[PDB]
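Note sheet for the following structure.
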Amino acid sequence: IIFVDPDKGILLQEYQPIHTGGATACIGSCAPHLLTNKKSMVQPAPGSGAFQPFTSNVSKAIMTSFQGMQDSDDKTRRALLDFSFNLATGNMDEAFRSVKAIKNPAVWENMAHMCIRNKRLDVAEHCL
Amino acid sequence: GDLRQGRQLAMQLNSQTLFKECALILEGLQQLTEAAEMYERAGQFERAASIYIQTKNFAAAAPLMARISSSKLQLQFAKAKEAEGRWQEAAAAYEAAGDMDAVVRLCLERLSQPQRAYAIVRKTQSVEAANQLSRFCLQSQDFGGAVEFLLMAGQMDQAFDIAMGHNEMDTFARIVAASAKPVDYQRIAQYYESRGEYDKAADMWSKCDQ
């Protein structure tokens, strides 16, 4: 899991396992998780010898540096995906300065709140 | 909306921090005439440099050339000059930023510079600068410099055929691979024995010293 900075090369955030139901390949990444693969088979129908069609062979691997991300709103997504960009690469504009210095009238659900991994808590103390 | 009042509160309640703070906060209400001027008294000369260099105001970023004289400002200004006709500046900052192949491309296609290219790649011996010079060596003939620019450009046949006739035959065999050994002298000499200049072919056949 890598936020590639466009300037200083590839800069890494975390090593997130694919191993979610015998999964050894990540085929995508939705918002709350990573869409990894799975074993491709046909599920038996419950309580009978019949076979239900499979739901999806795509295991949504939950992403781990993004805590309070997925149960929460999509201001979380912007704010703390931006913070995790500030994690792997290293920045300050996105999760804090870009949202202070614009005259943005609201009261967000998650201004930013995992931002303590770059050592700041007040964005999870006055928003939350 | 009190860009004025907030700005005078942004000199009187700070030394550095609220200058940049209210500067980027004035970027939140698009007041360049205050945020940009309190970039320099907030030390945000990078921000002023970028803003001045980007909105076709390279003269305003000319004082900020003095601390960022880089390719992203000078070559950007030169590329704008290339767009609006000043390709001299374009090749100048190409040479400053190492766009050497475009330096000689402008030499031979826009700047009308045979001999700047003929000497700068006699020095440089780069690839596509010598390719532009191989086009120009297909248009002119400097000397062993010209066979240089034909040979390290991949323009094999041109220097080859000049060697087949013209005396530029040892320097062709030199800059293709090498012309010092009896083996290459024999082989390029046999090329001449098949394609004219048999005189100097047999001469270096004798320089093979059988």
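Chains G and I are the protein sequences, given in the same order. Just so we're aligned, residue 642 is where the first sequence starts under the authors' numbering, counting upward by one. Just so we're aligned, residue 843 is where the second sequence starts under the authors' numbering, counting upward by one. Even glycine gets a Cβ: it sits at the ideal position worked out from N, Cα and C.
{"Query": "Could you tell me whether any Cβ in chain I is nearer than 9 Å to the Cβ of residue 772/G?", "Result": "Not covered by the structure: residue 772/G. The range shown for chain G is 642 to 769."}
{"Query": "Note down the Cα distance separating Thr875/I from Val645/G, rounded to an integer number of angstroms.", "Result": "34 Å"}
{"Query": "How about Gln930/I and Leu953/I: do their beta carbons lie closer than 9 Å?", "Result": "yes"}
{"Query": "Determine the DSSP secondary structure at residue 614/G, reduced to helix, strand or coil.", "Result": "Only positions 642 to 769 of chain G appear in the structure, and residue 614/G is not among them; the question remains open."}
{"Query": "From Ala672/G to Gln711/G, what does the alpha carbon distance come to, in whole angstroms?", "Result": "8 Å"}
{"Query": "What first and last residue would you give for the alpha helix (DSSP H) that runs through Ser1036/I?", "Result": "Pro1024 to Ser1036"}
{"Query": "Return the CA-CA distance between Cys1050/I and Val1018/I, expressed in angstroms with no decimal places.", "Result": "19 Å"}
{"Query": "Does any CB atom of chain I fall closer than 9 Å to the CB of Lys744/G?", "Result": "yes"}
{"Query": "Of the residues that make up the stretch 869–899 of chain I, which ones have a beta carbon closer than 7 Å to any beta carbon in chain B?", "Result": "Considering every chain present, this structure includes no chain B. Its protein chains are G and I."}
{"Query": "Is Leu980/I helix, strand or coil by DSSP?", "Result": "coil"}
{"Query": "With a CB to CB cut of under 6 Å and the five nearest residues on each side skipped, what residues in its chain are close to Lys680/G?", "Result": "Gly663"}
{"Query": "Should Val945/I be labelled buried (16 or more other beta-carbon atoms within 10 Å of its own) or exposed?", "Result": "buried"}
{"Query": "Taking the alpha helix (DSSP H) that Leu851/I falls in, what are its first and last residues?", "Result": "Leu845 to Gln854"}
{"Query": "Going by other Cβ atoms of all chains shown within 10 Å of its Cβ, with 16 needed for buried, is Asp723/G buried or exposed?", "Result": "buried"}
{"Query": "Can you name the start and end residues of the alpha helix (DSSP H) that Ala920/I belongs to?", "Result": "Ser913 to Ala925"}
{"Query": "What does DSSP give as the partner residues of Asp646/G in its beta bridges?", "Result": "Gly650/G"}
{"Query": "Tell me, please, whether the CB atom of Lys701/G is closer than 9 Å to any CB atom in chain I?", "Result": "no"}
{"Query": "State whether the stretch 720–734 of chain G contacts the stretch 676–696 of chain G, with contact taken as three or more CB pairs (one from each stretch) at a distance under 8 Å.", "Result": "no"}
{"Query": "Rounding to the nearest angstrom, what Cα-Cα distance links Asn751/G and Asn759/G in this structure?", "Result": "16 Å"}
{"Query": "Any beta carbon of chain G sitting closer than 9 Å to that of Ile1030/I?", "Result": "no"}
{"Query": "DSSP three-state call for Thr859/I: helix, strand or coil?", "Result": "helix"}
{"Query": "In three-state DSSP terms, what is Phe695/G?", "Result": "coil"}
{"Query": "So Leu975/I and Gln1000/I are supposed to be a Cβ contact under 8 Å. How far apart are they, rounded?", "Result": "Contact flag wrong, Cβ pair sits at about 11 Å."}
{"Query": "Closer than 8 Å is the cut-off here; do at least three beta carbon pairs connect the stretch 742–757 of chain G with the stretch 687–705 of chain G?", "Result": "no"}
{"Query": "Considering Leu874/I, what are the terminal residues of the alpha helix (DSSP H) in which it resides?", "Result": "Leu874 to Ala877"}
{"Query": "Just to confirm the assignment, what range does the beta strand (DSSP E) spanning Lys701/G have?", "Result": "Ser700 to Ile703"}
{"Query": "Say whether the stretch 984–992 of chain I touches the stretch 958–976 of chain I, bearing in mind that this needs 3 or more beta-carbon pairs closer than 8 Å, one atom from each stretch.", "Result": "yes"}
{"Query": "Taking only three categories from DSSP, how would you classify residue 770/G?", "Result": "The structure shown has nothing for residue 770/G, since chain G only spans 642 to 769."}
{"Query": "Between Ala865/I and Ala884/I, how many whole angstroms is the CB-CB distance? I'm expecting something under 8 Å.", "Result": "6 Å"}
{"Query": "Could you list which residues in chain G have their beta carbon closer than 9 Å to that of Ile867/I, in chain order?", "Result": "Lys741, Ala742, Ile743 and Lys744"}
{"Query": "Leaving out five residues on either side along the sequence, give the residues of the same chain with a beta carbon under 8 Å from the beta carbon of residue 1053/I.", "Result": "Absent from the model: residue 1053/I. The displayed extent of chain I is 843 to 1052, so no value can be given."}
{"Query": "Between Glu990/I and chain G, is there a C-beta pair that is closer than 9 Å?", "Result": "no"}
{"Query": "Would you mind reading off the limits of the alpha helix (DSSP H) that contains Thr665/G?", "Result": "No alpha helix (DSSP H) holds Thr665/G; DSSP gives it neither H nor E."}
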